[PDB]
file work.tsv (TSV, C-alpha atoms)
chain	number	residue	atom	x	y	z
I	1	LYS	CA	-20.19	31.77	-85.04
I	2	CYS	CA	-20.23	28.74	-87.33
I	3	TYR	CA	-19.11	26.09	-84.85
I	4	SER	CA	-20.31	22.87	-83.21
I	5	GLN	CA	-21.46	23.14	-79.60
I	6	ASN	CA	-22.59	19.54	-79.14
I	7	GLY	CA	-22.40	18.00	-82.60
I	8	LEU	CA	-23.51	20.56	-85.17
I	9	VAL	CA	-25.08	23.95	-84.47
I	10	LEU	CA	-23.23	26.16	-86.95
I	11	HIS	CA	-25.52	29.17	-87.36
I	12	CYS	CA	-24.26	32.53	-88.63
I	13	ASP	CA	-27.74	34.05	-88.63
I	14	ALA	CA	-27.10	36.10	-85.49
I	15	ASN	CA	-28.41	39.66	-85.72
I	16	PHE	CA	-32.16	40.24	-85.41
I	17	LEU	CA	-33.94	37.87	-87.79
I	18	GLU	CA	-36.50	35.10	-87.24
I	19	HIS	CA	-33.72	32.70	-86.25
I	20	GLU	CA	-32.57	35.33	-83.75
I	21	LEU	CA	-36.01	35.49	-82.12
I	22	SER	CA	-35.65	31.83	-81.15
I	23	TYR	CA	-32.43	32.72	-79.33
I	24	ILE	CA	-34.17	34.80	-76.67
I	25	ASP	CA	-35.95	31.55	-75.82
I	26	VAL	CA	-32.94	30.26	-73.89
I	27	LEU	CA	-32.68	33.68	-72.25
I	28	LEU	CA	-36.32	33.54	-71.16
I	29	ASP	CA	-36.08	29.89	-70.13
I	30	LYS	CA	-34.19	28.67	-67.07
I	31	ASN	CA	-33.04	25.70	-69.16
I	32	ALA	CA	-30.17	27.81	-70.50
I	33	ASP	CA	-27.09	28.90	-68.56
I	34	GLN	CA	-25.43	32.14	-67.45
I	35	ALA	CA	-22.87	31.70	-70.23
I	36	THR	CA	-25.72	31.20	-72.69
I	37	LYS	CA	-27.18	34.67	-72.13
I	38	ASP	CA	-23.79	36.35	-71.70
I	39	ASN	CA	-23.23	35.44	-75.35
I	40	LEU	CA	-26.19	37.48	-76.58
I	41	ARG	CA	-25.75	40.20	-73.96
I	42	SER	CA	-22.28	40.86	-75.38
I	43	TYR	CA	-23.71	41.52	-78.84
I	44	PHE	CA	-24.63	45.08	-77.88
I	45	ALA	CA	-20.94	45.45	-77.03
I	46	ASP	CA	-19.76	44.53	-80.52
I	47	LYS	CA	-22.54	46.54	-82.16
I	48	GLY	CA	-21.81	49.58	-80.02
I	49	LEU	CA	-25.07	50.04	-78.13
I	50	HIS	CA	-25.65	52.95	-75.75
I	51	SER	CA	-27.62	50.93	-73.19
I	52	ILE	CA	-30.73	48.83	-72.54
I	53	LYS	CA	-32.68	51.58	-74.31
I	54	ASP	CA	-30.70	51.46	-77.56
I	55	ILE	CA	-30.52	47.70	-77.05
I	56	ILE	CA	-34.27	47.12	-76.86
I	57	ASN	CA	-35.28	50.02	-79.10
I	58	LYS	CA	-33.38	48.21	-81.86
I	59	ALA	CA	-35.10	44.82	-81.79
I	60	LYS	CA	-38.45	46.44	-81.01
I	61	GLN	CA	-38.11	48.69	-84.05
I	62	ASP	CA	-37.67	45.67	-86.31
I	63	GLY	CA	-40.90	44.36	-84.80
I	64	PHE	CA	-39.46	41.94	-82.26
I	65	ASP	CA	-40.03	42.16	-78.51
I	66	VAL	CA	-36.69	41.47	-76.80
I	67	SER	CA	-37.58	43.19	-73.53
I	68	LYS	CA	-37.48	39.79	-71.82
I	69	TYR	CA	-34.01	39.18	-73.24
I	70	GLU	CA	-32.45	41.70	-70.86
I	71	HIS	CA	-31.59	38.96	-68.36
I	72	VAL	CA	-35.09	39.48	-66.96
I	73	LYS	CA	-36.63	36.12	-67.86
call {"tool": "encode", "arguments": {"input": "work.tsv", "output": "structure tokens"}}
result
Amino acid sequence: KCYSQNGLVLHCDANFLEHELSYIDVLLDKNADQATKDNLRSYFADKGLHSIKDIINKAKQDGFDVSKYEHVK
């Protein structure tokens, strides 16, 4: 996690916090890349999610709408 991507972007706040909400941005914006979303889409794999349901039901529960994070924006 803590690593430089283009100078200094070390951020180990990946999970479902405020800083995480800003992540979906790249997923909702075409400015990002396929490899950019594949990084967050793999999270459910390490967390052990059942599917889109358990994937969205999680963030939503916390109070964050990540429905547009499912490679649909």
call {"tool": "residues_around", "arguments": {"input": "work.tsv", "residues": "region 32-46 of chain I", "least_positions_apart": "3", "cutoff": "12 Å", "atoms": "all atoms listed in the file", "output": "MDAnalysis selection string"}}
result
chainID I and resid 1 5 14:16 20:29 49:59 66 68:73
call {"tool": "atom_distance", "arguments": {"input": "work.tsv", "atom1": "CA of residue 3 (chain I)", "atom2": "CA of residue 48 (chain I)"}}
result
24.1 Å
call {"tool": "atom_distance", "arguments": {"input": "work.tsv", "atom1": "CA of residue 6 (chain I)", "atom2": "CA of residue 65 (chain I)"}}
result
28.6 Å
call {"tool": "atom_distance", "arguments": {"input": "work.tsv", "atom1": "CA of residue 17 (chain I)", "atom2": "CA of residue 4 (chain I)"}}
result
20.8 Å
